[PDB]
Amino acid sequence: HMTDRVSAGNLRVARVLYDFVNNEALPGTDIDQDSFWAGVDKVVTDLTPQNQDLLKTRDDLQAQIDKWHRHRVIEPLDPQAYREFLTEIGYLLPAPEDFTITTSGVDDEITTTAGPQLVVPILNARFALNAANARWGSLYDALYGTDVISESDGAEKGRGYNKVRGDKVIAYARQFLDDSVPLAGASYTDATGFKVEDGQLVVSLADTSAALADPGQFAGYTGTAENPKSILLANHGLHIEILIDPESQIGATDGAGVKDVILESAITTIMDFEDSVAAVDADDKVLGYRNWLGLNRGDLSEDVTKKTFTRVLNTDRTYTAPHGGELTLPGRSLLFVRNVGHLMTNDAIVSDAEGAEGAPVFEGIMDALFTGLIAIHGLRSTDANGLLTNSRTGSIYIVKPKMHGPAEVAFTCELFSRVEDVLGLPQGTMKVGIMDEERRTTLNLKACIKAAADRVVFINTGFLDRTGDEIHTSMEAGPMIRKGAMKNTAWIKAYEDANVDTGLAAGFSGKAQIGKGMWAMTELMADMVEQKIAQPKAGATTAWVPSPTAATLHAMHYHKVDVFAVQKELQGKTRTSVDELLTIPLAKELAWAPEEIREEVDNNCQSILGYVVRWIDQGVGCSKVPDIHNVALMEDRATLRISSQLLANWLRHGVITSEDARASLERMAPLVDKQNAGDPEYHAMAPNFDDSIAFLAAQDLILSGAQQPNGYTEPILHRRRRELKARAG
Ligand SMILES: CC(=O)SCCNC(=O)CCNC(=O)[C@H](O)C(C)(C)COP(=O)(O)OP(=O)(O)OC[C@H]1O[C@@H](n2cnc3c(N)ncnc32)[C@H](O)[C@@H]1OP(=O)(O)O
Ligand SMILES: [Mg+2]
């Protein structure tokens, strides 16, 4: 609340950020401090005009599309005229000739491994530590702790060990072992013990013994060969470890002394500066940069009271190899960082360069410079840098969200190239995970990949943002279907398949990930285990999970599905055509009964209010919010973008009135208040709605949603959160 900036060329840097970089981030990188700030100045000055121009192009194209629809209120749908219009204005560009990506220096977790990808807010060090440590997770804990095992018929969890439930957990895991690492002519249900003989696993049974059906799945062990403490296996590139301890509580109940089954699961994790965090000023950005620093130095630590212990990063895992010697496996998830996209500025730095009268600096430019600087530590194993490293191949991994078309991808790659120059890194060190989550990227996806052909390490269908962009782009065309019906549309099915087809045709298999989206129903893990197998069956080598527990459970899908075999079968197929993508999800006439309209409005208002109140009042960018059906949903800015754009579209076309929307907000706010009543830090919105900055922010997101650029929620959220911060101070 006290302005204090340091001059650095044309820049005026908030002292908290200046000091953080100079005293915490720079030492150990061998980068001269004066040269670094001179580089920040030069990059910001050189690249800001193109950043501004790209955003202006977004606005110009949207205005042209708006006008096209308004000229044709009574004309029938004409896919040909519409597509030809989008081509004529430069929205749809020609597809390049076939090509193969050339990205090299990439880690095995990305190039040749299929498995879960975790995402976590970087401002929460407790969660970030758990996420980096989620590469290895207990299957017993994940089954015991979720509804994958029913609690009915005396199988309640409690807070201790209910043996009725524990026996069901053991049985479920025995079946998983039979399915994934089968014995020759036997079931693990009949195991009485384990031994290593002549470098191969021997499983003792009731009166005989058995080998693995494929002895090559044996990867290592701990303890002695005659009485091992664990058996390490591998299947479909992922490790499985059976822990043996007949003295443990669980092992003493087990016919073979088995205590747990550990799955390698969150092979990679995205440390998120974007949609799951609330960071609106220098203080917030420094908190995130400091946690990213602790992860890359390896020394991040957090005291956790649950008793109190000190959470730290896991060491690598060591085993005796089958034929002797020492096997070392990575103990931690390979880390990406998701920077913010091209839209927002942040006043952590203001620039006077070239006419700018102290203009806040583009935040995506700052993220590339600062998260790139900090990532140098993850490449070095020294006392000055910390001994724990991230990449084993010399790369830095940045997810770049919310890009619109190939010029915007080219800009990201030029930004990374310029940052590499400032940091003294080899050209190409900074790799890019491209989110396919905006319509102008989907429709030009081949060209987007080509613009990053030597840097790209994944594409991923960010289907939630993509649905928000779908609604905003065609805002003027007519009222859209309810948001729960979007999953059944022609456009979304083509969007998912075209992503996979385009990535495979660009040579992604064996070089880069093809990824799919987040499971949002945080408590419905039985449903996740049933349904989310569709993503690996679709040829995605990774997909997003909301927690370490969900990562462990989703890992089972990669043992059931041979994703790389699926990709081989998909090669050469073109399963979609352009007019499918251009099929706007408009509602039919007389689509809804009044009660259906009411449910959609109330559900959207409840989920908006439940997310926004914690964003504005507590700076929490990701919350579990029960919807109108009492399903607990992960909410972040992308889910908010959908709900607010849908209501804005229904207002635009007179499905509801502004009075209806305000009435729904007033109806749902006290229900949100009641859901949060247990939280001692909660500030109720009701009854004085207009005195709550959080309530007013939710109202703005709806009533002014049609005016937000591409439907983005950050302009309002950032303005209102800064208002609350200044008021609370
Ligand atoms: C469309 C998109 O952009 S999706 C990508 C952005 N989405 C994300 O990043 C999802 C992040 N997930 C989260 O923040 C959480 O899972 C939430 C908010 C949904 C639920 O968490 P909460 O309501 O705070 O409490 P909950 O009891 O369910 O979980 C807390 C426990 O689970 C752990 N945990 C929960 N989520 C995560 C996570 N993403 N990563 C690591 N650990 C996690 C916590 O460390 C904690 O355990 P601990 O006591 O040992 O520290
Ligand atoms: Mg997104």
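All residue numbers in this chain count up from 1 along the given sequence. Both backbone and side-chain heavy atoms feed into the values below; hydrogens, waters and symmetry mates do not. In each ligand, atom 1 is the first atom listed, and ligand 1 is the first ligand listed.
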Kindly indicate whether the side chain of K725, heavy atoms from C-beta on, has any atom under 4.5 Å from the side chain of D281. yes
Please determine if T522 has a nitrogen or oxygen closer than 3.5 Å to a nitrogen or oxygen of ligand 1. no
Near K624, which atoms of ligand 1 are under 4.0 Å from a heavy atom of that residue? 20 (C), 23 (O), 26 (P), 28 (O)
For the Mg ion (ligand 2), find the closest N/O/S atom belonging to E437 and write down its atom name. OE1
From atom 42 (N) of ligand 1, work out which of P548, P121, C622 has a heavy atom at the shortest distance. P548
Does some non-hydrogen atom of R311 fall short of 4.0 Å from ligand 1? yes
Here the atoms of ligand 1 under 4.0 Å from any heavy atom belonging to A638 are 1 (C)
Where does the angle between the aromatic ring planes of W491 and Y495 fall among parallel (under 30°), tilted (30 to 60°) and perpendicular (over 60°)? tilted
Going by an N to O cut-off under 4.0 Å, is there a salt bridge joining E438 and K402? no
Ignoring angles and geometry beyond distance, decide whether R126 reaches within less than 3.5 Å of ligand 1 through its nitrogen or oxygen atoms. yes
Checking heavy atoms under 4.0 Å, the part of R338 that sits near ligand 1 is side chain
Regarding atom 38 (C) of ligand 1: of the candidates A125, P546, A131, which has the closest heavy atom? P546
Would you please say whether a donor-acceptor pair under 3.5 Å links the side chains of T467 and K483? no
Heavy-atom distances under 4.0 Å decide this one: backbone, side chain, both or neither, for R637 against ligand 1? neither
In terms of side-chain heavy atoms, does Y397 have a donor or acceptor partner in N390 at a distance below 3.5 Å? no
So which of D636, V119, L464, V399 gets nearest to atom 4 (S) of ligand 1, if we judge by its closest heavy atom? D636
Carboxylate-amine/guanidinium contact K285 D367, below 4.0 Å: yes
Of all N/O/S atoms in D465, the name of the one nearest the Mg ion (ligand 2): OD2
Subset of ligand 1 atoms that lie under 4.0 Å from at least one heavy atom of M518: 4 (S), 5 (C), 7 (N)
Do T310 and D303 pair up side chain to side chain, a donor and an acceptor below 3.5 Å, judged on atom types alone? yes
Pairing of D272 and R338 as salt bridge, 4.0 angstrom limit: yes
Taking the inter-plane angle between the rings of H718 and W615 on a 0 to 90° scale, is it parallel (under 30°), tilted (30 to 60°) or perpendicular (over 60°)? tilted
